[PDB]
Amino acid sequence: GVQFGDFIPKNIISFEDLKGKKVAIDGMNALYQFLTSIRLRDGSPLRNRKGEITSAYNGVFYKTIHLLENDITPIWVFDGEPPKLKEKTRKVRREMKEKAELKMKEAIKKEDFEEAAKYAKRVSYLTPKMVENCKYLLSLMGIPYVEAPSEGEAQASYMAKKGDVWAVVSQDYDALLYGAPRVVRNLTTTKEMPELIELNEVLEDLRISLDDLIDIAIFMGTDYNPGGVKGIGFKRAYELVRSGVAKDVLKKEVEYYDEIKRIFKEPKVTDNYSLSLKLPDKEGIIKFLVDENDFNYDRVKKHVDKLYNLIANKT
């Protein structure tokens, strides 16, 4: 995401002070995180006996239970990967590049079929099927998830803004740009201590509005304008913002500047979800995790029993 780190106020928070909170988890961010940090001794991804990567399933299961043991009730938010994904103020132009000049012509030679295999992989190790498998696992676990209309980080931010959850869990700071009141990092990966970022604190301390923060983000470069503007960093961008000339500069330097802004200010969201937890299907989890994905039986058994009691007691 946007490298705000060194430039915005934030504070380390203990797992204890996070007890009893509801959180919306940025699903894809979490999955990618598990894939890069949950690996073998040699840095190789976790895999079952068929050679399929199980890194994500491991984090989904154990990380989610770890959170519930500390009275942190999570709701998983996914992007809803399938084709259509228009972020309801997001149809005018792109979402990929299928619109114009995306290189369209006649050609389908040896390299074309060698390229046949040369696509799906683009979807990194985190494949749609793996993502679908993670959702299935959550259902078996009785853990609720939402398939956002488009960007999951936007859906999670909206849920937090509404007060349905206390914060958005993610390793990225981008949720702040969608108005998320709070973001908590380092829960999906615990190398460092949990870190809380309160949007109100960021704005008051830096003396800027959310709209100003988004401008700084645009200067630095968002997923919507990679590379940002002329190598300008946070300091220089913040300088232009405080001077009151940032907006004029961005209109000149960034095509579709207004469109990008609308993505953060007017994302497509949904109210169709539930934070309710359900009892876990112990048998189905064992079959999926142990039988089909070679997880250690003993460990899984112990955890599904603990998960059941947590939800039973929570509920």
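Residue indices: 1-based, along the sequence shown.
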request  = Pick between 118 to 126 and 212 to 220: the one whose mean CA B-factor in the entry is higher.
outcome  = 118 to 126
request  = On mean C-alpha B-factor from the PDB entry, just flag whether 267 to 275 or 23 to 31 is the higher one.
outcome  = 267 to 275
key: Options 75, 108, 184, 199 - largest CA temperature factor per the record   = 108
ask   = Based on the PDB record, which member of 41, 66, 47, 282 exhibits the highest Cα temperature factor?
value = 41
ask   = So where's residue 135 on the chain's Cα temperature factor ranking, which third?
value = lowest
task = Would you please rank residue 188 by its C-alpha temperature factor against the other modelled residues of its chain and give the third it falls in: lowest, middle or highest?
result = middle
ask   = Taking the entry's C-alpha B-factors for this chain, is residue 83 in the lowest, middle or highest third?
value = highest
query = In terms of the chain's CA B-factor thirds, is residue 150 lowest, middle or highest?
reply = highest
Ranked C-alpha temperature factor of residue 287 among modelled chain residues, by third = lowest
